[PDB]
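Chains as they are written, first to last, in the numbering used here: chain A, 1 to 72; chain B, 1001 to 1179; chain C, 2001 to 2277; chain D, 3001 to 3447.
We treat Cβ as the ideally placed atom computed from N, Cα and C, and that holds for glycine.
Since the structure comes first, as structure tokens, the remarks are kept for the end.
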Ligand code: SF4
Ligand code: SF4
Ligand code: SF4
Ligand code: SF4
Ligand code: SF4
Ligand code: FCO
Ligand code: FES
Ligand code: 3NI
């Protein structure tokens, strides 16, 4: 559910608020627990870390390990 | 008897470059006294003769233009590309992002004011469109490039005077324009 | 010392120990080709057109990011550098789809001027005919990615000067692209203030103000007058361009002040829209 | 059993190919005129902003770029829902008159005059503008000067001679100044004299070989034109179709063209066949161009062109001249008209005006621009979305209307002058002159 991922990634970004770094590990752990990075996950990561959406989408699509669509 | 043998043609042009050749108004009259014009879009010769300066305009979109460019290349020693359509590919290359089938179909079936419930596309007695429109430097070997859309009259006249004087010219940077 | 001296093109130039070579060159008059350099933004180093070499050292150094050091001789024009710069321009033209015939910036584009100054009359490369998106969803700004040099001066202007970090780079490699928030079109992005600082920063004709297309070319103006924006209290300095009794373009002078030349939607949309009432 | 191909037809604009199919006994049974180029301006313009169209569409042809410029300007004007300042109207009409003058001068002097002066049986190497300036130098320089006048008007208004830029969506970019206005106005006498000289030449040519030149590719069809209240208009007006005998059939408003005109597609040509829908194909097909214009229009608005319009009207019945080779004559009349029209525009103190733009903030989903290009009627039709992005484009250009007339004329001269095989290069030249009378812009047709 698109509402489950909201709180579920809230609990993954919790240990990282206000620590000056560690965004690619956040994305790594959202990839581990979802297999892909949905748009809702990225929007909530941006709203919690108060990092712009352009930055999180740029770093999410920079690496080949991540995926923006559900994988087979 | 000491006249040159300029021979010109257009492949996939809009006639713009030949009309910019035709606006050398008095320069045209004083150039005809130094150039005899064999096969050309404004003369009635049907086949290309052995020439000295061959001039091509437009790109390559059909299977006829490729063969005509190859003929003009074999029949001349100095080839001159006129316009961005021959030098860069030009506005024709705007259709290189849509497949040929979709171009012909949406241009002859899907347009308004078109009535053909059969679904005919023009496919007989006429050359077939290439999959991609390309510049002339894909099938021939160009000697002088004249970029523009269309090139100015002064540039065409400069290239003519330089080639009929015996030197292969390069369009100077103060008169080069891509329009 | 804080007072160094170099020799660019044989001409002796003065400067300060902290600047780069391009700054010492621009400080006197000296010319160096640049495409990704913008006064007021931290040097990026992407186009590699500002390359320059010293006597003795065969290496090539980017004049915009390498610091100046007293005693070095700088050579800006020779056969090698002309060849390399022409190859870079031909790569840029063969990679993307540049149609100068109908470009809105077809007489004031930095790439086109650099191509004409280097006597580019062929691309020498197989002309990759790739399909790039043209984003005209926003009624005011248009982003035609067929004309992108990927200089990132739009991503640096919406980040350090504006703050509305709406632009960034999508997938790496040759598939690099300038996107809005989360890959959306500019009209779907909510973090945009419609300031047009990106249109002023773009050197090519990718980002373009739509309603003044083909009229707001700085090359075909009649007069340039600098004044102040009356609409609000900030009072931003402007660079009004006049053509046939009409304001065709308002650009923000002040790329040295903290504003950075970014004007508000009003300053660069209402003021040229006011002269046609 | 076999075939004759004149391809490529010369001294016309574009790529054409006439094919005659002879039977076993050596007689003509079928003849076609194929257009062999296509680029896809209706297709590759999707996704572009509409303000980009007045610059892309002139690249359809370099003989009439001002016509496509102005039609695209009108279409974008109706997309913006703006009704342009009287000054912009007059400047657009001045540029259109310059284009008419230059196109008719080119199509009479540089492309068809050898067959008018030397005949259809002249040698091949001398039948061109080079041989013309060699033997008739005064006439060649006269035509050159007339085309120079037209294209210098186009240049002073729009910056360049070919593919100019003057007309923005909403109005016009530049205005004339007294200096250049008087510089243009002081050149009109010799241009009128050149037009009258050409009119004399063509009238004596047609009266010399009087009646045989009246059966040359003559077929009774309908005539389409643009008209004001009753007057010949080239910029604005209503579309009027006249039956082959004078009766007006479906005079309508340009924007209602999808209800009256349809294009039939044939497999052997990239050119379509527009026709009046209520009569179908190939019965609803009509003619466009100078002849059809002067047949559909009832009067003209300039003195020295009316004095010749009367002489033209008293050549055929019902105020209708169906003869194909009279096109040339009609064409010159238009050129004359154009010159005189300029003399009325330059005398209006709103040509040097300053109110030239009507900018608005409104995007309507449809815009139709219909004008009178030198060879006939030109219709642009743009369909955009709310963002101003082009969704659909439809073009119907002048020579495309004249395709059926060209085919029928070519077939007539084919089974009138081709006796058998061993066809000399004087019968092929007539098979090309039936095309050259309409003076086709084959790049406009297959946009
Ligand atoms: S470059 Fe321009 S003027 Fe020349 S043929 Fe192509 S479209 Fe026509
Ligand atoms: S951005 Fe510059 S180089 Fe590219 S098409 Fe436009 S004018 Fe030409
Ligand atoms: S309009 Fe302003 S906020 Fe929007 S992308 Fe451009 S610079 Fe950034
Ligand atoms: S849009 Fe313009 S400023 Fe941004 S990267 Fe592309 S060329 Fe550079
Ligand atoms: S440009 Fe905008 S912010 Fe600057 S002074 Fe004018 S109204 Fe104020
Ligand atoms: N003449 C012409 Fe071109 C055509 N047909 C236009 O408009
Ligand atoms: S301009 Fe010096 S590296 Fe980009
Ligand atoms: Ni035409």
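Asked: Pick from B:1071, B:1131, B:1097 and B:1016 that is closest to residue 1156 of chain B, judged by C-alpha positions; Found: B:1016
Asked: Burial state of residue 2089 of chain C, where buried means 16 or more other Cβ atoms lie within 10 Å; Found: buried
Asked: C-alpha distance - residue 2114 of chain C paired with residue 3242 of chain D, whole-angstrom precision; Found: 57 Å
Asked: C-beta neighbour in chain C for residue 3403 of chain D, strict 8 Å; Found: no
Asked: The stretch 3381 to 3397 of chain D: positions lying closer than 9 Å to chain B by Cβ; Found: 3381, 3383, 3392, 3393, 3394, 3395 and 3396
Asked: Cβ distance (whole Å) where residue 977 of chain B is taken to contact residue 1080 of chain B below 8 Å; Found: Outside the modelled stretch of chain B, which goes from 1001 to 1179, sits residue 977 of chain B, for which no answer is possible.
Asked: Per-residue contacts from residue 3437 of chain D into chain B (C-beta, under 8 Å); Found: Near residue 3437 of chain D there are no residues of chain B at all, since even the closest Cβ is about 16 Å away, more than 8 Å.
Asked: Interface partners of residue 2183 of chain C on chain E, CB under 9 Å; Found: Protein chains A, B, C and D are contained in the structure displayed, whereas chain E is not.
Asked: Nearest to residue 2009 of chain C (by Cα), restricted to the options C:2021, C:2094 and C:2091; Found: C:2021
Asked: Which residues DSSP lists as bridging residue 1057 of chain B, in chain order; Found: B:1010 and B:1082
Asked: C-beta neighbour in chain D for residue 2273 of chain C, strict 8 Å; Found: yes
Asked: Helix, strand or coil at residue 3061 of chain D according to DSSP, with G and I counted as helix; Found: coil
Asked: Bridge-paired residues (DSSP) for residue 2144 of chain C; Found: C:2134
Asked: Chain-ordered residues, beta carbon under 5 Å from a heavy atom of ligand 8; Found: D:3061, D:3063, D:3064, D:3441 and D:3444
Asked: Proximal residues to residue 2136 of chain C (C-beta, below 6 Å), its chain only, five neighbours per side dropped; Found: 2142
Asked: Under 8 Å between C-beta atoms of residue 3292 of chain D and residue 3224 of chain D; Found: yes
Asked: Segments of 3+ residues assigned as beta strand (DSSP E) that fall wholly inside the stretch 3246 to 3278 of chain D; Found: 3261 to 3264 and 3273 to 3276
Asked: Check: residue 2101 of chain C C-beta below 7 Å from any heavy atom of ligand 7; Found: no
Asked: Spatial neighbours of residue 2085 of chain C in its chain, beta-carbon cut-off 8 Å, leaving aside the 5 residues before and after; Found: 2033, 2049, 2051, 2114 and 2118
Asked: Within 6 Å of ligand 5: residues by beta-carbon to any heavy atom; Found: C:2229, C:2231, C:2232, C:2234, C:2235, C:2236, C:2263, C:2264, C:2266 and C:2267
Asked: Against chain D: residues of the stretch 2180 to 2214 of chain C by CB proximity under 8 Å; Found: 2187, 2210, 2211, 2213 and 2214
Asked: Residue 3156 of chain D beta carbon near ligand 7 (any heavy atom closer than 7 Å); Found: no
Asked: Proximity of residue 3357 of chain D and residue 3441 of chain D at Cβ, strictly below 8 Å; Found: no
Asked: Residue interval of the alpha helix (DSSP H) (run including residue 3317 of chain D); Found: It is not in any alpha helix (DSSP H) - residue 3317 of chain D carries neither H nor E in the DSSP assignment.
Asked: Same chain only: Cβ atoms within 7 Å of residue 3220 of chain D, ignoring 5 sequence neighbours per side; Found: 3244 and 3322
Asked: Identity of the residue in D:3266, D:3277, D:3271 and D:3232 nearest residue 3299 of chain D by Cα; Found: D:3232
Asked: Residue of D:3430, D:3447, D:3251 and D:3089 minimising C-alpha distance to residue 3171 of chain D; Found: D:3089
Asked: Run of the alpha helix (DSSP H) containing residue 57 of chain A, from where it starts to where it stops; Found: 53 to 60
Asked: Nearest-angstrom Cβ-Cβ length linking residue 1126 of chain B and residue 3268 of chain D, presumed shorter than 8 Å; Found: 7 Å
Asked: Cutoff 8 Å; reference residue 2270 of chain C; Cβ partners in own chain excluding five residues on either side; Found: 2231
Asked: Distance CB(residue 3163 of chain D)-CB(residue 3058 of chain D) smaller than 8 Å; Found: yes
Asked: Where the beta strand (DSSP E) containing residue 2054 of chain C begins and where it ends; Found: 2051 to 2054
Asked: The stretch 2070 to 2085 of chain C / the stretch 2164 to 2179 of chain C touching (three or more Cβ pairs under 8 Å); Found: no
Asked: Coarse secondary structure for residue 3050 of chain D, derived from DSSP in three states; Found: helix
Asked: Supposed close pair residue 3332 of chain D, residue 3067 of chain D - CB separation, criterion 8 Å; Found: The Cβ separation is near 19 Å, so there is no contact.
Asked: Proximity test, Cβ basis, 8 Å: residue 1103 of chain B and chain C; Found: no
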